[PDB]
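Structure, as C-alpha cells:
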Protein chains: 4
Amino acid sequence: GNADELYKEXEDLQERXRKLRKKXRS
Amino acid sequence: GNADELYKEXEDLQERXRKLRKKXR
Amino acid sequence: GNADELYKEXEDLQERXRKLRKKXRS
Amino acid sequence: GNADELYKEXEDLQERXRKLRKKXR
Ligand code: NA
Ligand code: NA
C-alpha cells in the first residue's frame, strides 16, 4: 500500500470502466 | 433500469475515481 | 484531498455498489 | 453479456476498492 499502487489501481480501474462502457453501448 | 442508466452510472463512477486521482496529485 | 476524504469516498462507493448489485439481481 | 456478468464485475470492482482501503490502513 503506497501512492504508486493507489495511482496505478485508480488508472487501471478507470480504463477498465471506459472499456466496459464502450462494449455496453455496442 | 436500462442500459442508459447503467452507462451513466459507470461514467459517474469513473469520473469520481478521476476526481480522487486529481485531488491525490 | 486527504486520507479521510479517500477513505470516505472509497466506503461510499463500496456501499453504492452493494446497493446497485442488490437491485440489479432483484 | 448478461446480468450475471455485470453482477460479478461489480462485485470484483467493489472488492478491489475494499483491498485499496485495507492496504491504505
Ligand atoms: Na497519467
Ligand atoms: Na469502516
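Every number here is computed from the coordinates shown, using simple stated rules; none is lab data. Reconstructed Cβ throughout: ideal geometry from the backbone, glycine too, with neighbour counts over all protein chains shown.
Of everything in segment D:1-18 that is more than 9 Å from the chain's Cα centre (by Cα) and surrounded by 13 or more Cβ atoms within 10 Å (Cβ to Cβ), the residue that is farthest from A:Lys22 (Cα to Cα) is D:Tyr7. Filtering chain C to residues that are surrounded by 11 or more Cβ atoms within 10 Å (Cβ to Cβ) and either among the β-branched types (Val, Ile, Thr) or within 10 Å of chain B (Cβ to nearest Cβ) (or both) leaves C:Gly1, C:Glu5, C:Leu6, C:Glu9, C:Unk10, C:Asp12, C:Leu13, C:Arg16, C:Unk17, C:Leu20, C:Unk24.
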